[PDB]
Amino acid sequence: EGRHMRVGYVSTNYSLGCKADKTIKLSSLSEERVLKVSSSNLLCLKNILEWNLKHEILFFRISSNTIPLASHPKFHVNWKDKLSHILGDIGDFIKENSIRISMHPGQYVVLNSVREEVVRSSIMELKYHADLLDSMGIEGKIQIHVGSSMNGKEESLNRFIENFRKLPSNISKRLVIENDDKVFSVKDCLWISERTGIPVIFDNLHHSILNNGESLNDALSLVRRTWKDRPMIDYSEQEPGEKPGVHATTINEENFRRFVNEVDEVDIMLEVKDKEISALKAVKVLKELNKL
């Protein structure tokens, strides 16, 4: 057993002055603005991925802002054709250099909504995520939360299932779900996976905060079963003494050992404000453990 764990971080790299998560405001919407910001995000993303490889960070969560406002209903810009060259170039690199990709389209995606409008708009946002990834000629996972709780859980869960079951292939095939710190725990997520085949992503912090008494190694074991290929997870840490769920501004290098050491054969996304810096710490610990 050589490698088997990848490390990633999210959206952009601060230590590089090359923002890849620039968006724009509806008042600016036009073909020119969209292309300009889309090109600069993508030029930076190439760079960010070149730097990641250089520093043995082969996992990355792509910003949803990459093509700003792409899902907005007033948005009608043919970014797929215009930007096809860069987009292909970034994908070829991702695949040539064995990089894992994910996206996390945000909180406005409630696929189990009671309001149809929000379902349809949720699907458009997912559509953009899938379109982006195809445009790079890559697979990738799109992670989301189960969504709302209205009318209690098992209706909510079924609203999720019924809707999931209706999505187009090339969204559903990328879709994985994450456990949260309020409503839907892992046990719930598994409930869904069992009925859907949806891969579950374990967010460690949301789980130590909302569990049914599953120990880390028990929880992992069950999730693993929901993945065809190699599981992803989200690793975050608490910000000391806050109303729990607040992401630490960086990772504690010891907490990370304790954790990564009861685990192999997964890729880890780091959810912390200082982004690449924690990625570097994460790369140290694993290099040390021969698990990178």
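We number the residues from 1 along the sequence you see.
40-48 and 243-251 differ in mean CA B-factor, and the higher of the two is recorded for 243-251. Mean CA B-factor, 121-129 versus 217-225: the higher value falls on 217-225. Remark: of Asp81, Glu96, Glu139, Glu162, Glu162 shows the highest value [criterion: C-alpha B-factor in the PDB entry]. Taking the deposited Cα B-factors for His104, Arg174, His76, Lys153, the highest one is held by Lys153. The entry lists a Cα temperature factor for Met5 that places it in the middle third of the chain's modelled residues. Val260: CA B factor in the highest third of modelled residues in this chain (values from the PDB entry).
Among the modelled residues of its chain, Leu280 has a C-alpha B-factor that falls in the lowest third according to the deposited record.
Among the modelled residues of its chain, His207 has a C-alpha B-factor that falls in the highest third according to the deposited record.
In the deposited entry, the Cα temperature factor of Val183 places it in the highest third of its chain's modelled residues.
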